[PDB]
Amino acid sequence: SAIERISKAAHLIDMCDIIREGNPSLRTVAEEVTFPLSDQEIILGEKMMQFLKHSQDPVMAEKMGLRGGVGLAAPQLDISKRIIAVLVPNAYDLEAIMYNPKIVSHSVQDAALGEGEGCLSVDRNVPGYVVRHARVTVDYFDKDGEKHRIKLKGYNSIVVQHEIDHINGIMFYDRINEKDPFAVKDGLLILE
């Protein structure tokens, strides 16, 4: 069991735990977690966040051969559960382990990072503007089953949507304009 070996106290998540394109799991819709959470589900969220911090540490990332990341979703670890971790640097602009996250409202205005996007499960560069909602209101539960409702914009908004896409089986390039990858449509805000 992926969640079983990953949640072992001694286990450190690394690139070898992250599945890549082709693996059906990344295109499957993740199952919601029930409350109360099991100890493994709590530990998993903590392991995921630990990985993000390790991936953002020069020495640590080097040692473990880690790709820098600002977010991670359980499906990427071959665990089909609606659990995601986000860690956006400013200490941190956003630090959160989210259970059953859901977008409950979104702006009509769209947004896209001017540099495009990349994915830990994608070993290649896919240029283009990843079209997302500029702003989103997200509901999620923390490890204690406490509900949170937050509003995100700018970079944080993009990052959370990218991870939520993973628990719904969507990849970043699925939102890039096939015709013109760098086309600027009315209402699209380019971030940079």
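When you see a residue number, it is the position in the sequence shown, counting from 1.
Visitor: Scan the PDB entry between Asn90 and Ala91 and report the missing deposited residues as one of none, 1 to 3, 4 to 9, 10 or more.
Guide: Gap between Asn90 and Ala91: 10 or more unmodelled residues.
Visitor: Could you check the entry and say whether 117-125 or 100-108 has the higher mean CA B-factor?
Guide: The entry gives the higher C-alpha B-factor average to 117-125.
Visitor: Could you check the entry and say whether 133-141 or 54-62 has the higher mean CA B-factor?
Guide: The entry gives the higher C-alpha B-factor average to 54-62.
Visitor: Taking the values straight from the PDB record, which of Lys47, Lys147, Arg27, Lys153 has the highest C-alpha temperature factor?
Guide: Largest recorded C-alpha B-factor: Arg27.
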